Amino acid sequence: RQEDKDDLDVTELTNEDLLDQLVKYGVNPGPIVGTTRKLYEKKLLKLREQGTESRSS
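Conventions adopted
- Residues numbered from 1 in each chain as written, not as in the entry; some residues may be left out.
- Heavy atoms only, no water.
- Patch = residues over 30% accessible without salt bridge, like charges linked within 9 Å, V, L, I, M, F, W, Y side chains within 5 Å.
- Areas by Shrake-Rupley, 256 points an atom, 1.4 Å probe, with all protein chains shown as cover.
- Salt bridge = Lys/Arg side-chain N within 4 Å of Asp/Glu carboxyl O.
- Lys, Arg positive; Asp, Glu negative; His and termini not counted.
- Charge placed at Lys NZ, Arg CZ, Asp CG, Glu CD.
- Helix = DSSP H or I, 4+ residues; strand = E, 2+ residues; numbered from the N terminus.
- Buried < 20%, exposed > 50% of the residue type's maximum accessible area, 1.4 Å probe, protein only.
- Contact = heavy atoms within 4.5 Å.

In the PDB archive, solution NMR is given as the structure determination method for this entry.

The chain has the name Lamina-associated polypeptide 2, isoform alpha in the PDB entry, where Homo sapiens is given as its organism.

Shown next as structure tokens:
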């Protein structure tokens with residue numbers, strides 16, 4: 001039972017704490033300035049949007 005995946009506010013989220021959402025799905029942003037979280041709020045959600053089918057590119 002997953003129910004929603006990106007449900008976690010991937011945007012208001014903090015910086016030191018979202019580094020786990022990106023650095024683990026295989027995402028390495030680096031500089032998560034106060035202007036990036038919004039950016040990575042979706043970049044990582046593509047790899048965290050409750051997937052969809054059964055393939056990974």
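> Would you explain a negative patch on the surface in this entry?
Taken together, the side chains of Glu 3, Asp 4, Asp 7, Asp 9 and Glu 12 make up a negatively charged region of the molecular surface. When you line up the elements, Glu 3 lands in the segment before helix 1 (19-25).

> What is the right way to read the environment of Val 27 from this model?
The topology assignment puts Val 27 in the loop between helix 1 and helix 2 (37-43). Residue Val 27 is classed as buried on the basis of its relative accessible area of 12%. Separated by 17 residues in sequence, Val 27 and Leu 44 place their C-alpha atoms 6.9 Å apart. Apart from residues lying up to four places away in sequence, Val 27 is in contact with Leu 22 and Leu 47.

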